[PDB]
Amino acid sequence: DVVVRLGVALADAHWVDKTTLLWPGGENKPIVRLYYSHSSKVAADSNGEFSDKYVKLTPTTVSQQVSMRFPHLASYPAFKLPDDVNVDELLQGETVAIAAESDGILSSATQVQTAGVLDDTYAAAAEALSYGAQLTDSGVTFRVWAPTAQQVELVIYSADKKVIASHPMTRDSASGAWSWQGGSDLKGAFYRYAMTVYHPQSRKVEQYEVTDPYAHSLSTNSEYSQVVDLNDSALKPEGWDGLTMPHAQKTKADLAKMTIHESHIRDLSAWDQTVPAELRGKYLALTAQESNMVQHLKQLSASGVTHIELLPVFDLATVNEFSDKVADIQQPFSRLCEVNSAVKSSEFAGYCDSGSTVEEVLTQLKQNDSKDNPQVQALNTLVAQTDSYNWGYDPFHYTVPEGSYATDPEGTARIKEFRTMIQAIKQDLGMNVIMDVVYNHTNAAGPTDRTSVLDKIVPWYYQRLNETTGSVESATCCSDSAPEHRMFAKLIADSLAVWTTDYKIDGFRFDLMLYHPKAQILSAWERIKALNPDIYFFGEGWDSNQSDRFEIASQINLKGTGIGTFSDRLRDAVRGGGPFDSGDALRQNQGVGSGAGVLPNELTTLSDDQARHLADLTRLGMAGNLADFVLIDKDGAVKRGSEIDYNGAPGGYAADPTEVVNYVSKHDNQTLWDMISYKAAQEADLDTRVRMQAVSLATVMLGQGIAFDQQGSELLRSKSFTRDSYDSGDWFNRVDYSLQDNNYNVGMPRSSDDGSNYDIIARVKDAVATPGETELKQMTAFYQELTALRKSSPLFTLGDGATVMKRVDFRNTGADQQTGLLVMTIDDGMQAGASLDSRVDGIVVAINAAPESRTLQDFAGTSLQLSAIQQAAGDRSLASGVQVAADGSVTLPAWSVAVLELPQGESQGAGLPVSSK
Ligand SMILES: OC[C@H]1O[C@H](O[C@H]2[C@H](O)[C@@H](O)[C@@H](O[C@H]3[C@H](O)[C@@H](O)[C@@H](O)O[C@@H]3CO)O[C@@H]2CO)[C@H](O)[C@@H](O)[C@@H]1O
Ligand SMILES: OC[C@H]1O[C@H](O[C@H]2[C@H](O)[C@@H](O)[C@@H](O[C@H]3[C@H](O)[C@@H](O)[C@@H](O)O[C@@H]3CO)O[C@@H]2CO)[C@H](O)[C@@H](O)[C@@H]1O
Ligand SMILES: [Ca+2]
Ligand SMILES: [Ca+2]
Ligand SMILES: [Mg+2]
Ligand SMILES: [Mg+2]
């Protein structure tokens, strides 16, 4: 045969199943071959010939199975391998697709992406097995999937990290998994997998030790995995096996009551001097029953907050778990200098031999901090490199608790402490627990990074790659994963199963769910429902550009599935603007909650029509953002929810309100208070802004969607205008449970991301006083009033979309509406069906997001009464000053919220029937 002669570039050939290669470079070329070398690079010798073995490819047509699996490759020129190819032999080393002209002169040569053929060859067999260090009756079975590795050894380490054994593992030909079976004496042992494996990024047969991707226990800072039996009673708090979910999640009416408090382990306790010092920033702070923080959460729970959602508490990578390598702001500046060489070489080096703590230094820097001298963030940006603080969207191991939140990060101790926290939240605080999970990316990839785990063990399989270059994509921020590949889908479901069964997690929030296939999220839900039939899944289902590779798990595509998604519709209508706003747009783009139209600031050009459009989105969201809900829009037109525009997209997208998570604040982007501070008119005084915060939250808390909120909205939480505070430390993320202030105006935010906002910040920042104890207590009262109202009646939380459509309506709609007045009715009368609430025949929710008093005549002649919960709050109520006249007319003061009711008599009454449209 013809010798190819006369280098390798890119990686645009795709070996997608046993006998199919997709490659643009082989088109119309007469000689197309797949060369391979076990132990070196497919390269030309001194002669210039390609002497490595090869498999010849013949042009062919893309099969239907291939086009279904990889629609983004379906137009690639297809080539067929001989049916007798030993795929397992080729996959052990480098493969290169080579095209040549009829004489054998090289036309192009490229590397091969093999994830498709790996799935087609091994995935079914490998999916039938279980992975990790698995303690059994007979002892232990280790198993790791590594279908391309040339060798795998199990390295066993002593407690002091001395090698005590290195065991060659046994490869299973059908699955490509490696196993090793031993005695029960290996319980508690540390271990890694010694890999000998070709990595296409380096084109080397690499040799390295890697922790177990199915690790369930770790040494300090995740350097070694550890054999554990999570069922061990020594790893459980007393009574763990009997722990029950305090809030039901079985029916859609159950789910709709979900009211989420999105929290972070350090944000909760890092500043609370009434938490024991040894527990600040730890899981166990939730057991400090006498602390300000825990007492505050207990009162929130009593008032109707039902779920704590935890920011990453799986093993993140971006905090060093070796305490001697970390300095926090409560510690001496001298400690910071000894762990942080960037500080020691900085303009702040003069503080190294001082006797001040870092937070004492930051405090003194506040007075002269400004846009022209952003020195608080200058020092804090250095502190952030070596402190204990990160949101943790940086996955190191998916199925071990984070070590730095434990009092002892070495070994199994963190498992019991994590469970002690979960038990404290459920049994002692009475709230369910949601975990934020981040399967959409890894912290790192490639053969060299300390935190690259999956991509060292099966290179180029667990990460999503560019079709041409083979580079790991970074749409997520970081190292994009590939949940469309079967063995990572399995890893995800197996991981969720441990969190569900062994840690008793009640629901899961999928970070960047839009990068997952719809089919994969649904398959995971099917598998977890077998373990916990009431588990709830939701996530960020924005529109993504992965739609060319598979049907994405988005808001639109999840309609009717029961998987929830955050809604950005009510969020942006009430907050104003969008997450991408910068500069003067942050002030111009007022929301319903900050007086769009009705209380304009000096920069906005918002029209009355535009303000009323935001109210349409807000009403639609209060009714659960349903595609088929019927309302009267700003022009008097009859519209389904899907016909209300949201930046060119159909606004209403859901089938049931339990598919919609409404919110006006979250860990991402500016806090609600900082948004109100950007947007409020200069003449809106401090007490008005507090009511703006409460009016904004009322659209969520009194709405039919699931209610979600940021830890501290009830305390007017500020991040000093920081938009993206993931690494902004204790300083900018502070929540003060002693109620002295809301952390506003503690220095200009990080210049790298908010520098473009310094001008507008300086112009708005000092408009009114910073909240103090009086305002914090009044906001907490407002907040607990809203959650208590939501909790008090099943009419707020109907759950079923058809039931919402049969019962929920709006008044003050159309072209003659009073702008900013949101009036929702919920029917419990005879035309709705059964009475769901024996105390009332109907409810009216009136939110007057306006600086005028408003009078309503819609309920004239009815028996309407102000809710007793709000009457009991007196002049501290959001309904303070509301008047219900004899004739049924109702007057609301400025910036007020009233829940009114028709009292139910001896039999079900007429109620508030939905108007015909
Ligand atoms: O150094 C790694 C990575 O750090 C930074 O990315 C972080 C984001 O800045 C931060 O906002 C957070 O992003 C997550 C959101 O909080 C979450 O709600 C959702 O939208 O997913 C995001 C990604 O998980 O965390 C990331 C990762 O730590 C930085 O911006 C990146 O450039 C950098 O590569
Ligand atoms: O991924 C890294 C990224 O994380 C954070 O950005 C997130 C936004 O904060 C968050 O609002 C969301 O953005 C979506 C909009 O909300 C939605 O209305 C629509 O426009 O889609 C947007 C995403 O396409 O998600 C992003 C992505 O996580 C963080 O703030 C960034 O700094 C960081 O770069
Ligand atoms: Ca940090
Ligand atoms: Ca793409
Ligand atoms: Mg960690
Ligand atoms: Mg009733």
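The rules behind the values
Residues numbered from 1 in each chain as written, not as in the entry; some residues may be left out. Chains lettered and ligands numbered in written order. Heavy atoms only, no water. Donors = N, O, S within 2.8 Å, 3.2 Å for Na, K, Ca; no water. Buried < 20%, exposed > 50% of the residue type's maximum accessible area, 1.4 Å probe, protein only. Near = heavy atom within 4 Å. Polar contact = N/O pair within 3.5 Å; in protein donor to acceptor, adjacent residues only side chain to side chain. Areas by Shrake-Rupley, 256 points an atom, 1.4 Å probe, with all protein chains shown as cover. Nonpolar A, V, L, I, M, F, W, Y, C, P; charged D, E, K, R; others polar. Domains from an automatic or database assignment. Contact = heavy atoms within 4.5 Å. Buried area = accessible area lost by both parts, 1.4 Å probe. 1 Å grid on protein atoms, 1.4 Å probe; cavity = no way out; pocket = protein on both sides within 12 Å on 5 of 7 lines; lining within 4 Å. Points joined across faces, edges and corners; volume = space filled by probe spheres on them. Helix = DSSP H or I, 4+ residues; strand = E, 2+ residues; numbered from the N terminus. Axes fitted to C-alpha atoms, helices over the stretch in contact; angles between N-to-C directions. Left-handed = near helix turned anticlockwise from the far one by under 90°. Salt bridge = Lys/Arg side-chain N within 4 Å of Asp/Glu carboxyl O. Expected span 1.5 Å × (residues − 1). Pairing = 2+ DSSP bridges. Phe/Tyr/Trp six-rings, centres within 6.5 Å; stacked < 30°, edge-to-face > 60°. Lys NZ or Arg CZ within 6 Å of the ring centre and 35° of its normal.

(A) Focus on the coordination of the magnesium ion (ligand 6). Only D828 (OD), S835 (OG), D837 (O), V840 (O) and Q904 (OE1) from the protein coordinate the magnesium ion (ligand 6), and they sit 2.0 to 2.2 Å from it. Written as a sequence motif, the donor arrangement for the magnesium ion (ligand 6) is D-x6-S-x1-D-x2-V-x63-Q. Assessed through its relative accessible area of 29%, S835 is described here as partly exposed.

(B) Seen up close, the site of ligand 1. Near ligand 1 lie 15 residues; those nearest to it are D394, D511, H667, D668 and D724. Taking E540, its side chain carries an N or O atom lying 3.2 Å from an oxygen atom of ligand 1. The separation between an oxygen atom of ligand 1 and a polar side-chain atom of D668 is 2.4 Å. Burial of ligand 1 by the protein amounts to 69% of the accessible area it has alone, namely 630 Å². Residue composition of the shell around ligand 1, by class: 6 nonpolar, 3 polar and 6 charged.

(C) Expanded view of the site of ligand 2. The full set close to ligand 2 counts 14 residues, and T476, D568, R571, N669 and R723 are the nearest of them. Within the contact set of ligand 2, an oxygen atom lies 2.6 Å away from a backbone nitrogen or oxygen of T476. Take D724: an N or O atom from its side chain is 2.9 Å from an oxygen atom of ligand 2. Surface burial for ligand 2 is 68%, taken as the share of its 620 Å² of free accessible area covered by protein chains. Class assignment of the residues belonging to the shell around ligand 2 gives a composition of 6 nonpolar, 2 polar and 6 charged.

(D) Quick peek at the domain arrangement of the protein. For the protein, the assigned domains are domain 1 (7-121), domain 2 (122-229), domain 3 (230-830) and domain 4 (831-917). Using C-alpha coordinates to define each centre, domain 2 is positioned 36 Å away from domain 3. Listed as interface residues are 41 residues of domain 2 and, on the opposing side, 39 residues of domain 3. Taken over both partners, the interface formed by domain 2 and domain 3 buries close to 3400 Å², and the fraction arising from carbon and sulfur atoms is 60%.

(E) View of empty space enclosed by the protein. By volume, the largest cavity is sized at about 150 Å³. Together, 15 residues line the largest cavity, and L91, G93, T114, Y198 and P200 are the ones closest to its centre. Among the elements of the structure, β6 (94-100), β7 (106-113) and β14 (190-199) are those that each provide at least two residues to the lining of the largest cavity. Split by domain, the residues of the lining of the largest cavity number at least three in each of domain 1 (7-121) and domain 2 (122-229).

(F) Representation of the side chain of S554 within the structure. With respect to the helices and strands, the residue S554 is situated in the loop between β25 (536-539) and β26 (564-566). On the accessibility criterion, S554 (3% relative accessible area) is buried. Once residues within four sequence positions are removed from consideration, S554 is found in contact with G541, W542, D543 and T565.

(G) Focus on the packing of helix α13 (residues 486-501) against helix α14 (residues 518-529). At their nearest, the axes of α13 and α14 sit 10 Å apart, and the two run at 35 degrees to each other. Considering only the axes of α13 and α14, their crossing is right-handed. Seen from α13, the contacting residues are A489, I492, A493, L496, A497 and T500; seen from α14, they are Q520, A524, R527 and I528. Taken together, the residues that form the contact of α13 with α14 break down as 7 nonpolar, 2 polar and 1 charged.

(H) Seen up close, the layout of surface pockets. Put simply, the second largest pocket is a space of about 820 Å³. The wall of the second largest pocket is formed by 40 residues, among which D119, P483, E484, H485 and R486 lie closest to the centre. For the lining of the second largest pocket, the elements supplying multiple residues, two or more each, are β1 (13-17), α3 (115-127), α13 and α14. Classifying every residue of the lining of the second largest pocket gives 18 nonpolar, 9 polar and 13 charged. In this structure, the lining of the second largest pocket is formed jointly by two domains, domain 1 (7-121) and domain 3 (230-830), each of which donates at least three residues.

(I) Focus on unusual backbone geometry. Here the phi dihedral of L716 falls at roughly 55 degrees; this positive angle occurs in a residue that is not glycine. Counting through the fold element by element, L716 comes out in the loop between β32 (706-710) and α20 (729-733). Phi angles above zero are rare outside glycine, and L739 is one such case at about 70 degrees. Locating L739 in the fold gives a position in the loop between α20 and α21 (751-754).

(J) Structural view of the pattern of salt bridges. The tally for this structure, following the rule as stated, stands at 43 salt bridges. Close ionic contact of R509 with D436 constitutes a salt bridge, the shortest N to O distance being 2.8 Å. On the criterion of sequence distance, the pair formed by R509 in strand β24 (residues 507-510) and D436 in strand β21 (residues 432-437) is long-range, its members being 73 residues apart. A salt bridge links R509 to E540; the nearest nitrogen and oxygen atoms lie 3.4 Å apart. Placement of the pair is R509 in strand β24 and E540 in the loop between β25 and β26, with a sequence separation of 31 residues. Here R509 matches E540 in class, with each residue buried. What emerges from the salt-bridge pattern is a single network uniting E309, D436, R509, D511 and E540.

(K) Representation of helix α23 (residues 773-792). With 20 residues, α23 ought to run about 28 Å at 1.5 Å a step, and its terminal C-alpha atoms sit 28 Å apart, in line with that. The complete set of buried residues in α23 reads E775, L776, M779, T780, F782, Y783, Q784, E785, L786, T787, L789 and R790.

(L) Structural context of the sheet that holds strand β38 (residues 883-884). Read from one edge of the open sheet, 3 strands run β36-β39-β38, paired in antiparallel fashion. Each edge of the open sheet is held by one strand with a lone partner, namely β36 (854-856) and β38. Judged from the 3 bridges that link them, β36 and strand β39 (residues 890-892) form a sheet pairing that is antiparallel. When the bridges of β39 are listed, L856 appears paired with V890.

(M) Representation of the sheet that holds strand β3 (residues 31-37) in the model. Spatially, β1-β2-β5-β4-β3-β6-β7 is the arrangement adopted by the 7 strands of the closed barrel, whose pairing is mixed. Within this sheet the neighbouring strands show an average axis-to-axis angle of 35 degrees, counted without direction. Contacting β1 and β7, α3 crosses the sheet at an angle of about 15 degrees to β1.

(N) Layout of the packing of aromatic side chains. Across all of its chains, the model carries 34 aromatic pairs by this definition. Connected via pairs of aromatic rings, a cluster forms that spans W145, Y398, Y439, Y461, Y462, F488, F508, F510, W525 and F537. The aromatic ring of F190 is capped on one face by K161, whose charged end is 4.4 Å from the ring centroid. The aromatic ring of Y503 is capped on one face by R419, whose charged end is 5.3 Å from the ring centroid.

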